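# just the structure for this:
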Amino acid sequence: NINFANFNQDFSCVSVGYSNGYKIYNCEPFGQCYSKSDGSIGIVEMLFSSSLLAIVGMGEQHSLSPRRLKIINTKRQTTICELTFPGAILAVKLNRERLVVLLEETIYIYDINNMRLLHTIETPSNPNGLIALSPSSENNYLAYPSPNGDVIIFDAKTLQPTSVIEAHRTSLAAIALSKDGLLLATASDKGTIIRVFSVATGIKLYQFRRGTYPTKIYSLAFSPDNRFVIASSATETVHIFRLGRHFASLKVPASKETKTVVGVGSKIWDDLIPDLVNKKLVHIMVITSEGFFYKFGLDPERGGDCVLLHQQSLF
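Numbering: from 1, shown residues only. Dropping the coordinates below:
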């Protein structure tokens with residue numbers, strides 16, 4: 001049984017948490033590149049393509065717990081550190097300088113090279129575990145909700161609040177940061193409107209109408225060049241909004257209300273698609289809660305309905 005899946009910071013790998021261990025997958029080309037038998041893994045987060053993994057257990061076990069974080073080395077097959085907490089760990093986020101741990105009403109920031117607690121934030125209840133951490137060390141921003149749908153921008157370098165963005169009038173359902181930390185994508189629990197902000201200034205740059213009827217937005221993601229922001233919801237249609245809407249879309253081949261996380265590759269590929277043609281395509285990958293891995297090809301020039309390139313699975 002599959003418990004957890006997520007991309008790494010540059011969307012070149014996928015870390016998966018199972019009831020009997022955890023695995024690492026490459027995306028291009030897709031294939032298992034690491035596996036480890038263990039207890040039920042509830043969370044397993046990567047640090048790009050390094051051998052550093054952040055691991056939290058699902059359910060109380062002997063050496064695993066939903067209240068405990070283990071930092072390990074896959075190469076040396078060693079545990080580097082272990083942290084305990086007074087509550088369930090909702091989310092763990094990482095960059096090459098900071099490690100962030102999310103609990104329902106508290107946020108813990110660590111210097112990732114010595115694992116020393118740097119700052120602690122008392123927050124309003126964050127049950128959905130919404131948080132985002134910039135993969136950029138040059139602009140190390142931290143984003144979390146603070147109920148309406150306000151977003152606090154916290155400098156993870158200087159350990160200081162920066163700005164307060166009034167994203168939505170209602171509670172946030174989804175949040176994302178660009179690879180450079182410069183852009184912020186948000187979505188409320190209404191899910192009709194997708195907003196894009198500039199972190200440093202607080203200016204709402206774009207605003208895309210997802211649809212007319214409300215829905216649950218699961219996942220927002222930027223392309224690495226910040227050309228596109230994509231969104232997946234309960235309707236299983238994934239929108240691709242061009243930053244410069246209706247540019248493109250695709251249909252996740254799954255039943256309604258199937259939870260997904262989306263991600264965009266960093267390279268453009270010369271794929272051979274149908275009597276045959278080659279097309280320079282942006283790869284958009286979709287992970288479903290049932291463990292399916294769908295790779296769609298996005299034409300970054302004409303857009304339109306993205307073609308399915310490959311179906312892969314985990315468990």
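
# look at the residue lying farthest from the centre of the chain and give its secondary structure.
Here the chain reaches farthest from its C-alpha mean at residue 275, the gap being 37.6 Å by Cα atoms, centre = their mean. For residue 275, the assignment made with DSSP: H, G, I helix; E, B strand; the rest coil gives coil.

# can you tell me how far it is from residue 295?
22 Å (Cβ to Cβ, to the nearest Å). All C-beta spots, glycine's among them, are computed from the backbone N, C-alpha and C.

# how far does stretch 260-269 sit from its chain's centre?
Mean-position distance between stretch 260-269 and its chain equals 12 Å (Cα atoms, centre = their mean, to the nearest Å).

# now do the buried residues in it.
260-265 (16 or more other Cβ atoms under 10 Å).

# any idea how far apart the tips of stretch 154-170 sit?
By Cα to Cα, to the nearest Å, the extent of stretch 154-170 from end to end equals 21 Å.

# for stretch 93-106, that is, sorry about that
OK, stretch 93-106 end separation, Cα to Cα: 14 Å.

# buried ones in it, by neighbour count?
In stretch 93-106, counting by 16+ other Cβ under 10 Å, buried: 93-95, 98-103.

# stretch 193-211: end-to-end distance?
8 Å.

# so how far is residue 10 from the closest residue to residue 266 other than its chain neighbours?
Excluding its sequence neighbours, the residue lying closest to residue 266 (Cβ to Cβ, 6 or more residues apart in numbering) is residue 224, at 4.4 Å. According to Cβ to Cβ, residue 224 stands 7 Å off from residue 10.

# likewise residue 181?
13 Å.

# what do you get for residue 266?
Residue 266 is 6 Å from residue 10, by Cβ to Cβ.

# find residues that contact each of the two.
residue 224 (Cβ atoms under 8 Å, 6 or more residues apart in numbering).

# count of neighbours near residue 114?
By other Cβ atoms under 10 Å, the residues close to residue 114 number 8.

# what do you get for residue 152?
Residue 152 has 17 nearby residues by other Cβ under 10 Å.

# cool, and residue 310?
14.

# in stretch 37-48, which residues are buried?
For stretch 37-48, by 16+ other Cβ under 10 Å, it's 38-47.

# looking at those residues, which are in strands?
Applying DSSP state E to those, the entries found in strands are 41-46.

# want to throw these into a markdown table with distance to residue 4?
Listed next are those as a markdown table, based on distance: Cβ to Cβ, whole Å:
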| residue | distance to residue 4 |
| --- | --- |
| 41 | 7 |
| 42 | 6 |
| 43 | 5 |
| 44 | 6 |
| 45 | 9 |
| 46 | 12 |
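
# how about these, which pair is most distant?
42 and 46 (15.3 Å; Cβ to Cβ).

# residue 303: what's it in contact with?
Applying Cβ under 8 Å, 6+ apart, the residues near residue 303 are 240, 242, 247-248.

# among those, which one sits closest to residue 174?
Using Cβ to Cβ, those come closest to residue 174 at residue 240, 15.3 Å.

# and the buried residues of stretch 260-269, which two are the farthest apart?
Maximum pairwise distance in the buried residues of stretch 260-269, criterion Cβ to Cβ, is 16.5 Å, between 260 and 265.

# for the closest residue to residue 202 other than its chain neighbours, which three-state class applies?
Closest residue to residue 202 apart from its sequence neighbours, by Cβ to Cβ, 6+ apart: residue 163 at 4.9 Å. Here residue 163 is recorded as strand under three-state DSSP.

# sorry, back to before: can you check which residues contact both of residue 224 and residue 10?
179, 266.

# in this structure residue 248 contacts residue 307, no?
No: checked against Cβ atoms under 8 Å, the pair residue 248 and residue 307 is beyond contact range at 10.9 Å.

# the two - which one has more neighbours?
residue 248 (23 against 15).

# partner residues bridging that one?
The partner list for residue 248 in beta bridges (DSSP bridges) reads residue 240, residue 304.

# contacting residues around it?
Residue 248 touches 228, 239-240, 242, 298-299, 303-306, counting by Cβ under 8 Å, 6+ apart.

# mind listing what the residue nearest to residue 266 touches?
Contacts of residue 224 by Cβ under 8 Å, 6+ apart are 10-11, 179, 264-266.

# identify the farthest-apart pair in those residues.
Maximum distance among the contacts of residue 224 (Cβ to Cβ): 11.9 Å, for 179 and 265.

# and the gap between residue 8 and residue 187?
22 Å.

# then residue 199?
Plainly put, residue 199 is 17 Å away from residue 187 if you go by Cβ to Cβ.

# the more surrounded of those two?
Neighbours per residue, other Cβ under 10 Å: of residue 199 and residue 187, the larger number sits with residue 187, 28 against 22.

# which SS class is the more buried one?
With three-state DSSP as the criterion, residue 187 reads strand.

# how about the strands in the stretch 101-250 of the chain?
106-111, 116-122, 132-133, 141-145, 149-155, 160-168, 172-177, 183-188, 193-198, 204-209, 217-222, 228-233, 237-242, 248-251 (DSSP state E, counting those that start in this stretch).
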